[PDB]
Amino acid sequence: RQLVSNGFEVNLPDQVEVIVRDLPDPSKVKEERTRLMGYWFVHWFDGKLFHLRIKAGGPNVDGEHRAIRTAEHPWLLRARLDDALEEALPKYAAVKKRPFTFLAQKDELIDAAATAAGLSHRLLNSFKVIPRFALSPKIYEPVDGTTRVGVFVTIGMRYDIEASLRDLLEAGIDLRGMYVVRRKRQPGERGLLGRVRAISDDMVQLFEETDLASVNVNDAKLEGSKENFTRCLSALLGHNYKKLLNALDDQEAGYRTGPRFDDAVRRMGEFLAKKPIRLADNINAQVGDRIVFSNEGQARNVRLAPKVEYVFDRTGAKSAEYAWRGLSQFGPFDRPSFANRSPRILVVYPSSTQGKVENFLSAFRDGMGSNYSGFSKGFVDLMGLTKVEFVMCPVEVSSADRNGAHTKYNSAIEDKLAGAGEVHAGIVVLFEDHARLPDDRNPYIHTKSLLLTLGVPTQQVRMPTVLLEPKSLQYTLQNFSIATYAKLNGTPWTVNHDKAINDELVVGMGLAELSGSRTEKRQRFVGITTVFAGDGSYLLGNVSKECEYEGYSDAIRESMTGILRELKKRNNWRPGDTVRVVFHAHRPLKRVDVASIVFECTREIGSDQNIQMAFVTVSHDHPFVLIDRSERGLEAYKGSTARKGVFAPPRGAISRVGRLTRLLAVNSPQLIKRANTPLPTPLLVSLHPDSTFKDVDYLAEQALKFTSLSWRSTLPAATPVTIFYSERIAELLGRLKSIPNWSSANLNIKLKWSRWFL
């Protein structure tokens, strides 16, 4: 019947008296806030400074004396609530403001973990993991037409390595190449200093430096990354350290699992409710009941989307709840039409790995048999092909060769392909030690570049993957097979839709930001992916080949107008037909870009048809969480006492926050990984207010379906493929732009129907 939030109602006065000055230049605002500090709350909005007296006595303020009604203008008290919450918790110091963020006063999980695991070390007490709370005042709509303010509670963990760098040297930990940060960030100061080159004498020598190439051991500390935590702890404890991490993980589950998180939110609400929260001397807020999403009374704030159907034929009759179950029993969506039933695949690999690579190829092509039910049949039988021919391309290269590996791979490929005729795809095997070399010598990106230039898509793989134990390998080969088939132009599966309008186009844009190191300013690139409504199905369209960030709005509009022109041509729209266009991204578009896109699409389709357009943001990092108290969870595995996904809403749960915004649950108890996996965060789906198509519940369910459309994996993706695929394209193309001899010429010729970016 209902979903519980992590937020509480805040009962506010109906009205507050304020003084208003015209203040066309916001530059004056800082001086005025300083001058009135203590007696007035000050807030600039729409060219006017608003003044709310908090404490009696001067200084004075001129301007009109207006009443601000909370139901009408909740932004004023929402903002004041940010400062008031801090003030109301004076013993809990702010580590951040707006939203107010602070640490647990006594809890420290490393100490508790160590005691539980039975471990000890004299330096453990300088490694700290402390619960961190934020209280976010947010405007929401308990029903359409009415706004309220709630306070939303979120929990994370502060990871911090307090230890002296001198102390870490002497304990035997190699600090070279570790990132280091300032101990005391002064007001506008950046944190990152650089990487440890050497420790001189009360001085750190730095490379990849952000400012000075050296600094005192006293002004620096290791950044609180998992990399630095694991590097230190494994040397100080290893291999007992893993037991500590499991122990630490158990501690954190005491704050982050459903029932524990729900209890922490409860205890926070109780604490905040105990006293009135002072907005001004005679003006009070009271924190109230937990905010819920329900269909009680005149509220209609929760619904459950139907299960997505994975579709394996053009009729719709062949469908499944899960991708792998469906693929196994039906074969792929395009089996009747798939042109190349005997693909030739180039296999490029270090000559010393020959035996391990043959074992992997055999498992891949011919299957693992019935002892490994995740991958019994093999690629050929799975996908309904006649055979696969491997063209073996050994490379004389060692893992220790960090400067010449890329040149050897590419020479071997060129020499093999010159006397071997046409290949339809490649598998490229890489050493782990080469995987993340700089792009000027990285074999992944150089082989990707050469083969894509030649029109040959590749599926690359690292040796640790090639060596996975059979129980794990079977799942790797599922995912590997799906992407390889799509790289060969295949369509593994589609997802259902019922035709409600005559045509529908969804376009997504995704961002990548590339640099050679953290020091170097990241350059932005974009990708564009298109998806079309089919009869019973969503179909993947063509993808961008140009990736420049400059002018991305023009690229969106060109992609849409050209595609609309071609869909109209193919489908021969009748007068009065409705066409719907949807845009997906992780950030909102500018109003002026929405206007331009609407104008151009409308002109292209013309006055014979009715057009509906929606612009949608999908957000992962926001302060909302959904709790389903009726969800008991599922056994963590067959058949333990532990549970996973306790209080996790079902996949496809959609909650109404406001007119323009829905919360979408994607990670159900089934999909949730382990007993200690936190209560998931839902996706926030936001409609651009200038959209002509207004149905955000439909748009949220559509985003859900598009998570299931990913051909990178059998499991669904974290975000709809319209965005996800675009980010992969942006990253690959932006990287390739810097690689000598790269050409995009074949991306719209031999690779036009290849899903080469998976």
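Residue indices: 1-based, along the sequence shown. Rigid core: the largest C-alpha set superposing within 1.5 Å between the two forms.
Student: Say the other structures are aligned on the rigid core; which stretch then has the higher CA RMS in 7 other deposited structures of this protein, 73-81 or 239-247?
Tutor: Stretch with the larger root mean square C-alpha distance in 7 other deposited structures of this protein: 239-247.
Student: So if we fit everything on the core, which stretch drifts more in 7 other deposited structures of this protein, 166-174 or 532-540, C-alphas only?
Tutor: With the rigid core superposed, the C-alphas that lie farther in 7 other deposited structures of this protein are those of 166-174.
Student: Where do the C-alpha atoms have the higher mean temperature factor in this entry, in 172-180 or in 624-632?
Tutor: Comparing averages over the C-alpha atoms only gives 172-180.
Student: Would you mind comparing 35-43 and 694-702 for me and telling me which has the higher average C-alpha temperature factor in the entry?
Tutor: Taking the mean C-alpha B-factor of 35-43 and of 694-702, the larger value falls to 35-43.
Student: Could you check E604, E72, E309, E358 and tell me which one carries the biggest Cα B-factor in the deposited entry?
Tutor: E72 has the highest C-alpha B-factor of those listed.
Student: Would you mind checking which of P26, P716, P720, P689 has the top Cα temperature factor in the PDB entry?
Tutor: Comparing C-alpha B-factors across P26, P716, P720, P689, the top value belongs to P26.
Student: Quick one: classify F431 as lowest, middle or highest third of the chain based on its Cα B-factor.
Tutor: For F431, whose C-alpha B-factor we compare with every modelled residue in the chain, the answer is the lowest third.
Student: For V348, does the deposited CA B-factor place it in the lowest, middle or highest third of the chain?
Tutor: Ranked within chain, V348 CA B lands in the lowest tercile.
Student: Consider only the C-alpha atoms of the modelled residues in this chain, order them by B-factor as the entry records it, and name the third containing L135: lowest, middle or highest.
Tutor: It belongs to the lowest third of the chain when residues are ordered by C-alpha B-factor.
Student: Sorting the chain's CA B-factors, does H586 end up in the lowest, middle or highest third?
Tutor: For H586, the deposited C-alpha B-factor lands in the lowest third.
Student: Would you check the entry's CA temperature factor for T476 and let me know if it's in the chain's lowest, middle or highest third?
Tutor: CA B-factor rank for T476: lowest third.
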